[PDB]
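Presented as structure tokens, the chain that follows is alone, the form deposited in one PDB entry.
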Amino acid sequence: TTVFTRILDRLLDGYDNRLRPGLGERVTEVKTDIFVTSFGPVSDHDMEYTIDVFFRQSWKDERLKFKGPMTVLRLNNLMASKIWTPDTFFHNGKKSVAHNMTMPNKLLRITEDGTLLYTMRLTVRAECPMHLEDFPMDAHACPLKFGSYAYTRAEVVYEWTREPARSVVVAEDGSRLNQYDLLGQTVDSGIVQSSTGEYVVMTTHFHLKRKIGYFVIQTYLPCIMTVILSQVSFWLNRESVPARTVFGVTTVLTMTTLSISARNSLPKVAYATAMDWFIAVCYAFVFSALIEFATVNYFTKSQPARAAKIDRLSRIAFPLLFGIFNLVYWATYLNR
């Protein structure tokens, strides 16, 4: 018992945690890996995503060699507060949490040759800039970039602890996504420059594909059926003026209700998505059906042949135009 106490005390005897290992002699090489315990929710409104990780770092400090009955000291996390650790941070992190229940979720292990393994459990909220011009048929590539805050490329470098594709590992049951599919990930490293100098950065991209069935059953089908219902009016008798007027104006009101409801699920961007174009075209079709009835009713008592001709041509023109629009719209946004 006292043997290990004196080993630790001798290790900390004269140690300066303000100085990085190899300072003035070499570059502190830090190896990193990530175990994603769960890929959390993605938010379109805030343009961000949450991810829960075991973040592991490993390096070498010659000041921390020892000889004893054991080869590895698997110490308390508080010991990590007494030695030099890397100042890694996430370049696009918004508000991250280092978990602290019931104790600090950190582990430090020292090997007899001076190798440090340092692991912590984190929850990271990260920015994901999204282009939403294809909503709700949009795919995204959310990044996660980390590196040293204060140490330039001539002081600290980062490597992946194994092959870059095998260093970020996602758990099998760890996917808290309701709206997206996590297709895969790409792992890379690079160099960034800024006003303070040159830094190493490590990057992981998570590719996400949105699932469309909810919007098909909630917006697209009701809008299509309301447009078909509006075009059904052309088959009613022309002498039934109140019936056709009520049909047209109540269909317009129904389309207004549907457009209002579908306009609240959209992300608040300042351009037109695919959903917006679909809704606008459906609105135009219903409006034009009512205008067509007005025109037909205007000629029923002076030129009945013209009114019959307009009705019988509209019965073909409107469905054909709607079908062509649907073919074009789905071919454009589904083959993309």
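A residue's number is simply how far along the shown sequence it sits, counting from 1. Basically, rigid core = biggest C-alpha set you can superpose within 1.5 Å across the two forms.
This next part talks about the form deposited in another entry, which is not shown.
Q: Identify which of 151, 160, 84, 247 has its C-alpha displaced by 2 Å or more between the shown form and the other one once the rigid core is superposed.
A: So the residue whose C-alpha moves 2 Å or more is 247.
Q: On a rigid core superposition, would residue 209 pass a 2 Å threshold for CA movement between the shown form and the other one?
A: No: residue 209 shifts by under 2 Å between the shown form and the other one.
Q: Verify the C-alpha shift of residue 131 between the shown form and the other one: is it 2 Å or more after superposing the core?
A: After core superposition, the C-alpha of residue 131 moves less than 2 Å between the shown form and the other one.
Q: Does residue 260 move its CA by 2 angstroms or more between the shown form and the other one when the core is aligned?
A: Shift at residue 260: 2 Å or more after core fit.
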